[PDB]
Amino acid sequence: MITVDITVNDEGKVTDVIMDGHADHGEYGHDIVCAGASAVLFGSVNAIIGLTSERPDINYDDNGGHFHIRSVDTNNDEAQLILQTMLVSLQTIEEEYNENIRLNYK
């Protein structure tokens, strides 16, 4: 199971997204919930960096199914709407692949 731990602060901004684990849907190279979540996360981070002024603090485990995104400018509307979009997307996977990914808020 991929775990998606999301932190929303008192002002409704996403401060933290941690995604950890493997989907375990297929085996490595052909897992589809994995690819789904991988594309959404890497693309959204690419989008934040390529399309906003925001430079989030990023940590991931070289090769281990741990990625941690932490917002610097929580008042950047664009970076925020990008994170909301990312989560709407991972949520959309969760709706049909409940047992492979779980999103937990705060």
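Throughout, we count residues from 1 along the sequence that is shown.
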Checklist line | Of 81-89 and 19-27, the one with larger mean CA B-factor | finding: 19-27
Check: Looking at the deposited entry, does 91-99 or 5-13 carry the larger mean Cα B-factor?
Finding: 91-99
Note to self: So if I compare the CA B-factors in the entry for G50, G65, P56, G43, which one is the largest?
What the structure shows: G65
Check: Whose C-alpha has the highest temperature factor in the PDB entry: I69, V72, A39, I32?
Finding: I32
